[PDB]
Amino acid sequence: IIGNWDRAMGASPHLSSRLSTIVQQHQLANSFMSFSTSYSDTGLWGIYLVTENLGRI
Amino acid sequence: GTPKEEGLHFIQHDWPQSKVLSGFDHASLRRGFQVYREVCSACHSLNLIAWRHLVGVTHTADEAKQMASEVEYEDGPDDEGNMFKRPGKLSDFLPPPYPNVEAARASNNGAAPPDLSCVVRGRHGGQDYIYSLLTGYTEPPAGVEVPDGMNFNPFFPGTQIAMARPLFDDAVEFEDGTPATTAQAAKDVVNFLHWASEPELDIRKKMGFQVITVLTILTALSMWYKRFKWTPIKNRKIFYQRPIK
Amino acid sequence: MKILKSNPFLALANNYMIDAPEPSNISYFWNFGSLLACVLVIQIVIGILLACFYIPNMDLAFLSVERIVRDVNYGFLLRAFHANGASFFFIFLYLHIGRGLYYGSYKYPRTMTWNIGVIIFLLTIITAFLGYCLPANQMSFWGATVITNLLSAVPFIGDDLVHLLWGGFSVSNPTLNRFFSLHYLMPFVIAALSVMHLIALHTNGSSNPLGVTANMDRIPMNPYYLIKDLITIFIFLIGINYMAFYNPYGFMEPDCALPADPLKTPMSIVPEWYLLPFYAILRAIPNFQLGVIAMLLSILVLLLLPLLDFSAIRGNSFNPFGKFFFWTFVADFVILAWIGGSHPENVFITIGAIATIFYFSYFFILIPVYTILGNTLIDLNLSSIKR
Amino acid sequence: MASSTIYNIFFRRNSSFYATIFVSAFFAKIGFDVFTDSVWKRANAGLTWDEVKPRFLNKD
Amino acid sequence: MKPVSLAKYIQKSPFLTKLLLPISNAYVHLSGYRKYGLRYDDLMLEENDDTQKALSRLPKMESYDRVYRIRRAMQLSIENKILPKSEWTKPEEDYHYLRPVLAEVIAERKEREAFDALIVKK
Amino acid sequence: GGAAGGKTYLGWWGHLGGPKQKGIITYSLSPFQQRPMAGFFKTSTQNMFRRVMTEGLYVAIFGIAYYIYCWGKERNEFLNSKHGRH
Amino acid sequence: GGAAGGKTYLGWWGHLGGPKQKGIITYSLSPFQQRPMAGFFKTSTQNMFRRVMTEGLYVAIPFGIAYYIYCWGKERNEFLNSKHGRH
Ligand SMILES: COC1=C(OC)C(=O)C(C/C=C(/C)CC/C=C(\C)CC/C=C(\C)CC/C=C(\C)CC/C=C(\C)CC/C=C(\C)CC/C=C(/C)CC/C=C(\C)CC/C=C(\C)CCC=C(C)C)=C(C)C1=O
Ligand SMILES: CCCCCCCCCCCCCCCC(=O)OC[C@H](COP(=O)([O-])OCC[N+](C)(C)C)OC(=O)CCCCCCCCCCCCCCC
Ligand SMILES: CCCCCCCCCCCCCCCC(=O)OC[C@H](COP(=O)([O-])OCC[N+](C)(C)C)OC(=O)CCCCCCCCCCCCCCC
Ligand SMILES: CCCCCCCCCCCCCCCC(=O)OC[C@H](COP(=O)(O)OCCN)OC(=O)CCCCCCCCCCCCCCC
Ligand code: HEC
Ligand code: HEM
Ligand code: HEM
């Protein structure tokens, strides 16, 4: 649902995730990806952001 | 300057109104009101306490109305002008004994009896100074003299006061049967005068306690919450990895 | 972009109250400004409420005040809160000035803020006098008569200014009308000057006790410093409620509950306690014009501070001489207040003269000398460490 | 049960938080009123007008 | 304007230096910036053009060390503590790492402060 | 957008005007994981003891002020007496 | 400064937020070289005449109707409460 995005994507404007819409519209970041790394009895669930638009983090 | 021209320091007492939680002793208030009415209202004036100020404090509505109906007041024009008189009501102030300042000065030699509405708060010492003044008329010491019409009282600034000793033994017969002496009557009238100065003591002291309690609890909670929220800053760890070129 | 950073008014609120970088190690002495703002708001509201029951005239002001006290619903709370808040205002003002003086906050780049604060202090002092002169009791009448007569010290048009201010030939109905009209207006000017104070401060930010640049470490004001000010607010409330509900006439002299008799001169003619040191400075000098000149200079000398500190360090945290001399000056100030309060007797004249001399020496002789000495000692010791 | 249900009911949405705050304030006002009235009444024993009425009024 | 310390005048006479050395040692101990590990040159103001230019002419390692020192001092001041007795700044490390650069910048600025005032005596 | 303002020393987040930083590591913990009022009485007592010990004499020597107050009051009272006018 | 303000439609000098212009030459003179009170009366009279002849009825009709009903109402109200009006 959260999805991935990248500024070099061919169809970047037309993606159907609200976060991608806002980020592409306001040029907030370069790219972001979602991960759900899991382990035997625990795990993680988050995002990974890379940006160069300093001051609007 | 000289203590003779400054007056001897008053004497410290203990009163019910001094306590943190106590209020007023109302039987003493009624006794003081009686003493003021029967010994003081001849010369001093209390033209800031209405008859309705007494119902619930030292009298009931019927008693206050009956007492106020005795005195007489002027009641404006009527029909063809004129200035008539009417019996007293429950919304009129206590009758002053003298019309203006000039008549008061003329009657009592050349001194003006001050108004007693706010005399407890307007004197350096409070109740203590007044009580020590009323019961301090002593024989003059050796070497001093008093001009005619002047009395000796060390507590008065200058040790010369133009007010003959007001209170004497068994001057009034209290309703409850208390043995009326100079000291007891002086204490009761001092209490009544202090009530007349600040008539809202009970309510104010009542709300202050609850306000203080609520504020204390809120302050303690605020300190705890401030201690809680600022933790991620007061407990930081900073490590410096030296940037070797 | 979030709403708070887009809409104009919300951006104005956010840039000053929510998102604003601040030094991360400012002590509890940096909260007094919020207390000042709260006290000013309380004073404005209470005065607006009190103006609905007060008649400004010679023959009706005192009776109106008494009617407020004992007839209007909860009028004692109104009057006591007004008086006690006006008293607490000067305590917090003195603490603010002390904080600004101890840590050397008058140095660049915050000189304009210092000057605006000095102007605000003068306006507040002027506002206090008119406010206390309204009830027309004994001390108000006589103190106003004494103080407004000081305008005759100017060369030329001497007594003409006094007559113009009095609106007659003595303290009467017109001067009370003037004072009531002016006492309503000044607090709004004070609020505008406070807004100017804040907008001048915000361009460079607050200092820190250490005295070094705080650009390396900063935290936003919203979560941290909006909760560190609540404790001070509640403590101030608990302080003022005790006075309002257990000793309302605390700072109030006995001679302030009598009608203004223009024939009986009181034994002592003194102003309220927070103006006592300046009165002592005025009374110290036997001359008349020199007295008012020194009284004005005692408050105008705060503008000469930036060009009197020859110190490489900014503050008194690492200044051994400054810590001693600051508390010495504070003790001298307290002595001046005590001397001004009491009678002008034999020994008190000498004590007040000595205290005034020390007060005017501290700002003009001691500061440059000890700053230079500290700089010289530190430089010498550092230079004589390798060999 | 445990402490999870308490969070779920009261401090989960802002609206429930505010409603709980307001109801608790409404009842705390009455509680403090009762406490201070009791404390004041027990503080003044034998020196109130309603207490001293039978010493003056009845003997008219 | 600017600090006017007169240590150079005192150092001309060895008598005064020998007499005043213990007093200076006691004063530097009393000032107590070493308890936070800071150097004396971190306390000078940097809000004018001269100091802001001088801070840009420092070696990179010196700037990084200064940043670390100031950050550690601020973190210590947050929780109202001081460094233990073993980590205090030793006299060997309390040298002048900023005075020469500032002096050079001031000399350059003073150099220009003359051509404009130049007059022709004829 | 509006205009280019004067020379200041704050900027905003990102461009705060500070120097370039390198090799700094910072840790912390969530406020909901740390126990508040932990190490409070010990640290506060030690800090207060140290502060009293070090900056105590700078304030204590309010010392001569009280003495001059007492001496002045006593002498002024003595001089306004019977034997003071002899 | 920064503060990352919002979005507007004005900007400032240099970047006024308008479409790119090209090939628009503009000439103007100096206020000290030109002559005030030159052709003012003629142009003003022509403009006033044109404005009166153009807008005209737009204001003339409603005000005239309002005045007519005002006069009629005053006359009728005065008549009705008189002697013969009540009858
Ligand atoms: C980064 O660093 C900094 C920090 O530090 C670290 C900071 O902390 C801060 C942030 C915090 C500050 C210190 C900023 C705040 C300080 C100031 C800006 C100081 C300025 C203070 C003021 C301007 C005071 C303003 C107070 C006012 C206007 C009082 C007026 C009050 C009212 C209108 C409401 C009360 C009602 C009154 C008095 C009337 C009586 C009551 C009635 C019910 C009767 C009236 C009824 C009517 C008339 C009915 C009709 C009403 C109508 C229609 C009119 C509208 C209603 C009205 C009442 C007007 C900053 C900026 C910062 O840089
Ligand atoms: C009576 C005195 C207090 C009276 C009430 C005082 C409080 C008034 C509200 C608090 C102050 C106003 C909110 C300010 C912050 C804000 O704007 O929140 C609006 C949010 C969306 O804001 P956002 O986070 O920036 O997301 C939008 C970003 N886009 C997509 C545009 C790029 O959108 C939302 O989710 C919420 C929108 C609600 C807008 C305010 C409605 C007015 C309040 C209605 C009453 C609420 C119930 C009150 C019960 C007490
Ligand atoms: C002009 C209208 C006034 C203004 C009247 C309305 C404004 C109230 C003034 C204080 C405003 C404080 C704003 C703090 C931000 C906020 O609104 O967050 C709500 C907080 C709890 O926020 P939280 O800590 O993040 O936890 C919520 C967890 N969720 C539910 C999100 C999962 O919950 C709270 O903040 C509760 C605060 C106390 C609310 C009870 C009312 C008390 C204030 C009114 C009475 C006092 C008025 C004083 C005025 C000087
Ligand atoms: C005297 C009257 C004062 C007001 C009376 C008390 C008001 C209610 C206080 C009780 C609840 C506090 C909220 C708890 C924390 C919270 O819940 O929220 C936390 C918010 C921060 O938000 P956050 O996202 O970082 O929180 C983390 C994730 N949600 O901190 C606050 O908002 C602090 C609220 C205090 C209100 C301001 C007090 C200071 C006034 C300054 C005056 C400035 C000048 C004004 C001039 C008029
Ligand atoms: C015996 C009838 C009586 C007369 C006559 C009388 N009073 Fe007084 N009197 C006072 C007080 C209080 C003062 C104020 C003393 C002062 O101002 O120092 C005063 C002062 C005076 C003064 C002014 C003295 C001066 O030097 O200015 C006069 C005159 C006076 N009283 C007259 C309390 C009382 C009380 C106690 C309720 C009673 C009874 C009383 N007085 C009864 C009387
Ligand atoms: C910084 C702001 C203010 C200060 C310092 C101040 C100060 C004072 C003081 C000291 C008094 C004397 C009270 C007494 O001696 O009992 C007073 C009285 C008074 N003030 Fe203010 N005041 C301020 C704001 C205001 C405002 C804004 C108003 C009106 C809107 C106002 C109206 C009054 C009135 C009517 C009185 C007379 C009532 C009385 O004395 O009981 N004040 N003021
Ligand atoms: C109504 C009166 C005042 C208001 C509302 C006000 C407001 C503020 C506030 C909120 C602060 C931030 C807290 C702080 O830095 O200490 C501040 C700072 C400051 N104030 Fe005031 N103040 C007032 C009076 C004064 C006065 C009378 C002076 C000087 C005589 C003054 C001089 C300063 C200075 C120099 C600073 C900067 C301190 C620093 O940055 O370290 N202010 N002001």
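Read the figures in this text as sums done on the coordinates, not as results from a lab. Ideal geometry is used to build each Cβ from the backbone, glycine not excepted, and the neighbour counts take in all protein chains shown.
Brief remarks follow.
- Counts of other chain beta carbons within 10 angstrom of each beta carbon in peptide C:307-320 average 4.
- Selection among G:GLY73, B:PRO87, D:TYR7 by position relative to the dipole of the protein assembly as shown gives D:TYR7 as farthest towards the positive end (Cβ unit charges, Cα centre).
- Shape call, chain F: gyration tensor on alpha carbons, a/c limit 1.5: oblate
- Each of C:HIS96, C:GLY250, C:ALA11 was placed along the dipole of chain C (beta-carbon charges, centred on the mean Cα), and the one lying farthest toward the positive end is C:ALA11.
- Fewest-first ranking of E:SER86, F:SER44, B:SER132, C:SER206, using other Cβ atoms within 10 Å as the exposure measure: E:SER86, F:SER44, C:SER206, B:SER132
- Karplus 3J(HN,Hα) series, Hz, for segment B:210-223 with 6.51 cos²θ - 1.76 cosθ + 1.60 (x for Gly, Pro): 5, 4, 5, 4, 4, 5, 4, 4, 4, 4, 4, 4, 5, 4
- Quotient of Cα Rg and 2.2 N^0.38 Å for segment E:1-79, N being how many residues it contains: 1.40
- Relative to the dominant Cα principal axis of chain C, helix C:138-148 is inclined by about 70°.
- Rounded to the nearest 10 degrees, the angle from helix C:173-201 to the longest Cα principal axis of chain C is 10 degrees.
- Over the residues of the protein assembly as shown, the helix contribution to mean residue ellipticity at 222 nm works out to -15500 deg cm²/dmol, using -39500 (n - 2.57) for each DSSP H run of at least 4.
- Angle in degrees between helix E:99-112 and the longest Cα principal axis of chain E, rounded to the nearest 10: 20
- For segment C:235-334, the fraction of alpha-carbon pairs in successive 10 Å shells from zero, as %: 11, 24, 29, 25, 9, 2
- Across all directions, the shadow cast by the convex hull of segment A:14-57 built on its C-alpha atoms averages 3.9 square nanometres.
- Enclosing the Cα atoms of the protein assembly as shown in their convex hull gives a volume equal to 442 cubic angstrom per residue.
- Rule-of-thumb Rg ratio for segment B:20-66 [Cα; 2.2 N^0.38 Å; N residues]: 1.26
- Principal axes of segment E:20-64: Cα extent on each, largest first, Å: 36, 21, 16
- Basic side chains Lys and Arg get +1 at the Cβ, acidic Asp and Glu get -1 at the Cβ, and with that the dipole of segment C:1-100 about its Cα centre reaches some 180 debye.
- Counting Cβ atoms of other protein chains within 10 Å of each residue's Cβ and taking the mean over peptide F:20-30 gives 6.
- Values of log10 I(q)/I(0), in the order q = 0.12, 0.20 Å⁻¹, for segment E:44-122 under a Debye, Cα-only, solvent-free model: -0.53, -1.03
- Over segment B:1-111, the fraction of Cα-Cα pairs per 10 Å bin, rounded to whole percents and listed from the shortest bin up, is 11, 28, 29, 21, 8, 3, 0.
- Applying the Karplus relation 6.51 cos²θ - 1.76 cosθ + 1.60 with θ = phi - 60° to segment C:334-348 yields 3J(HN,Hα) values of 5, 4, 4, 4, 4, 5, x, x, 8, 5, x, 7, 5, 6, 5 Hz, where x marks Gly and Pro.
- Radius of gyration and maximum dimension Dmax of segment B:194-245, Cα, Å: 25.1, 86
- Given charges at Cβ of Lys, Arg, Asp, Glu: chain B dipole, positive-most of B:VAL71, B:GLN184, B:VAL119: B:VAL119
- Packing rank of C:130-140, C:357-367, where each peptide gets the mean count of other beta carbons within 10 Å, highest leading: C:130-140, C:357-367
- Diffusion constant of segment C:1-116 at 37 °C, which comes from Stokes-Einstein with the Kirkwood Cα-pair radius and 0.692 mPa s, µm²/s: 183
- Computed over the alpha-carbon pairs of segment C:93-135, the distance histogram in 5 Å steps reads 5, 21, 24, 20, 12, 9, 6, 3, 1 percent, short to long.
- Take every pair of alpha-carbon atoms less than 8 Å apart whose residues are at least six positions apart; their mean separation over the length of chain E yields a relative contact order of 34 percent.
- Translational diffusion of chain D, µm² s⁻¹ [Kirkwood Rh, Cα pairs; Stokes-Einstein; 20 °C; 1.002 mPa s]: 138
- Peptides G:1-11, B:38-48, E:63-73, G:24-34 ranked from most to least packed give E:63-73, B:38-48, G:1-11, G:24-34, packing being the mean of other C-beta atoms within 10 angstrom over each peptide's residues.
- Its Cα gyration tensor gives segment B:114-207 an equivalent ellipsoid, and the semi-axes of that ellipsoid, as √(5λ) in whole Å with the largest first, are 28, 19, 10.
- In terms of its alpha-carbon gyration tensor, segment C:112-262 comes out oblate; a/c meets the 1.5 threshold, while b/c is at least as large as a/b.
- Peptide B:24-31 is shielded by partner chain Cβ atoms: per residue, an average of 5 of them sit within 10 Å of its Cβ.
- Listed cross-link partners E:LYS85/F:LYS22; B:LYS229/F:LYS7; B:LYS229/C:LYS5; E:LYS81/F:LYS20 are compared with a 30 Å cut-off, the Cα-Cα value being larger for B:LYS229/F:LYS7.
- Based on the Kirkwood approach, the hydrodynamic radius assigned to segment C:68-189 is 17.0 Å, with every pair of different Cα atoms included.
- Assuming charge only on the beta carbon of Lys and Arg (+1) and of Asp and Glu (-1), the dipole of chain D about its Cα centre is about 140 debye to the nearest 20.
- Packing order of peptides B:177-189, C:262-274, highest average first: B:177-189, C:262-274 (average count of other Cβ atoms within 10 Å over each peptide's residues).
- Centre-to-centre, using Cα atoms only, segment B:1-66 and segment D:1-58 are separated by 35 Å.
- Chain B: proportion of alpha-carbon pairs further apart than 33 angstrom, %: 40
- Its Cα gyration tensor gives chain C an equivalent ellipsoid, and the semi-axes of that ellipsoid, as √(5λ) in whole Å with the largest first, are 39, 30, 19.
- Evaluated with a Cβ-only charge set (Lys, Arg +1; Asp, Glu -1), segment G:16-87 carries a dipole of roughly 160 debye about its Cα centre, given to the nearest 20.
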